[PDB]
Amino acid sequence: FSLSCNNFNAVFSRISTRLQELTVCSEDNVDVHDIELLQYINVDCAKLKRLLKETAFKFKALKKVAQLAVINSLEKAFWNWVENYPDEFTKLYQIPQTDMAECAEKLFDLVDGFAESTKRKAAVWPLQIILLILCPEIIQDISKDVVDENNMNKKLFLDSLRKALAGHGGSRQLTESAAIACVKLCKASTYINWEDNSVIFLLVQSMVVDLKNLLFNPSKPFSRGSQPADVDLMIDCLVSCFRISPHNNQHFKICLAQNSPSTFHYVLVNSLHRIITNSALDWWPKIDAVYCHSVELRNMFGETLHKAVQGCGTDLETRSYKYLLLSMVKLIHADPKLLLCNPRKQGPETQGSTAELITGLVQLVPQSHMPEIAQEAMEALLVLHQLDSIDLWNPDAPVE
């Protein structure tokens, strides 16, 4: 990735050679490892246009296996540009860019023609949204009257997503695919400053409510596959949803509630971990707004600690606490003030809140059953000793 910054052409040339060979050759080959190099090379807006134009010319002539590999590799490139160049992505919606729109529009039709079966549609639909996102005005036309063919295909896909997204379609794959594709659209919207308040915000609002119910229903745990739930998908959605509505989150209480399954708590803590560690954009909301839940966070830790210690002395139930408990320990390590807000203060007949927190950490250091957690507790306890963190123990008397 660092190498591609300067000598982009050298890497790009080898890929361009591979594209021609598959195009001319009619014997399908599976040495797409050259094609999969896009996932790591640094890409810029100007460079990205080069990739779209070249692939579009050869896209129709590529083999089935090659087409999927480029779609996957090309899709990951888009995030690299957005992440590496957040400003450039904003400029796309700040001012119209026909060249950027045209190449995406041209590729969109080529990809749509390739995919006919439902399984094919599922693989390519997530990319289709990115292409649709690239062209803002086509989204506006979709909302309004639809052109006979220009925006007929685009409008059909958008409404098909909602049906699968809402579960009306009797196809599990499309519902799963719709969630991933829709989530990426929501993630991209997070980057939008919202000063423009383009249709992207309005379109997301249409789908945001549906997405939460599908992924954040405690009664029904969304089971993407063998795993009980797609933890990564849920964390990404929650982080985006938090940024959209940080003032008063409605599912934070649902997840933060003790009755909710551990996975919701596990998703909650991990999501908060990203917020504290990964806040690139200043205008995004900050963790400080969440301090109001500090009291509830401590209660969750106490209950987890009691059962975690009890379990060590079911197989998966006990192991679940260890993963969740370790996440909580790391979360405190990132920021100790998060759980120290609203101190209970020592009662005349009962201990305070800071004391109970410290005692729990101390009794885990010599456990020796979970050295990784015990090692973390030492570091966590070593962070609560900083002169800044000494005051947070009890602001009334920090030297007693």
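Cβ: placed from backbone, ideal geometry, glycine included. Neighbour counts: every protein chain shown. Laboratory data are not the source of any read-out in this text; all were calculated from the coordinates shown.
Points to keep in mind about this one:
- Converting the Cα gyration tensor eigenvalues of the range 256-382 into ellipsoid dimensions via √(5λ) gives semi-axes, longest first, of 23, 19, 15 Å.
- Zone of residue 400's modelled label, taken as backbone nitrogen in the range 328-357 under 18 Å from a point 7 Å along Cα→Cβ: 343-356
- With bins 10 Å wide beginning at 0, the percent of Cα pairs of the range 111-199 falling in each bin runs 16, 48, 32, 4.
- Label zone (residue 379, point 7 Å along Cα-to-C-beta; backbone nitrogen cut-off 17 Å) within the range 304-337: 323-337.
- The local environment of residue 333, defined by Cβ-Cβ distances under 15 Å, has a net charge of -2 under the rule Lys, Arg +1 and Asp, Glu -1.
- With R₀ fixed at 22 Å, the C-beta to C-beta distance from residue 359 to residue 276 puts the FRET efficiency at about 0.35.
- Positive-end residue, the range 1-154 charge dipole about Cα centroid, Cβ charges, pick of 52, 103, 152: 52
- Placing a label point 7 Å from the Cα of residue 196 along the Cα-to-Cβ direction, the residues of the range 79-98 whose backbone N falls under 14 Å of that point are 86-98.
- Computed [θ] at 222 nm, deg cm²/dmol, the chain (DSSP H ≥ 4; -39,500 (n - 2.57); rounded to nearest 500): -21000 deg cm²/dmol
- Euclidean distance of C-alpha centroids, the range 1-67 and the range 99-140, integer Å: 18
- Entry note: the range 1-92 has Rg to Rh equal to 0.97, where both radii use alpha-carbon atoms and Rh is the Kirkwood radius.
- Using a Förster distance of 25 Å, the FRET efficiency for residue 288-residue 210 (Cβ separation, nearest 0.05): 0.25
- Relative contact order (percent, whole number), the range 199-279, Cα cutoff 8 Å, 6+ residue spacing: 25
- Each of residue 367 and residue 335 was given a label point 7 Å from its Cα along the Cα-to-Cβ line. The distance between the two points is 2.5 nm.
- For the range 57-165, Kirkwood radius (reciprocal of mean inverse C-alpha pair distance, Å): 14.8
- Computed from point charges on the beta carbon alone (+1 for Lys and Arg, -1 for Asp and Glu), the dipole magnitude for the range 88-138 about its Cα centre is near 280 Debye.
- Translational diffusion coefficient (Stokes-Einstein; Kirkwood radius from C-alpha pairs) of the range 207-259 at 4 °C, 1.567 mPa s, in µm²/s: 111
- Between the listed residues 25, 207, 86, the Cα displaced farthest toward the positive end of the dipole of the chain, a dipole computed from Cβ unit charges relative to the Cα centre, is found at 25.
- Radius 12 Å from Cβ of residue 206, net charge of other residues (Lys, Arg +1; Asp, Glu -1): -1
- Here the Debye sum runs over all C-alpha atoms of the chain as equal scatterers in vacuum, and log10 of I(q)/I(0) at q = 0.06 Å⁻¹ comes out as -0.32.
- What you get for the chain, charging only the Cβ of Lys and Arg (+1) and of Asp and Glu (-1), is a dipole of about 820 debye around the Cα centre.
- Simple spin-label estimate for residue 163 and residue 31 in nanometres, 7 Å along Cα-Cβ: 4.4
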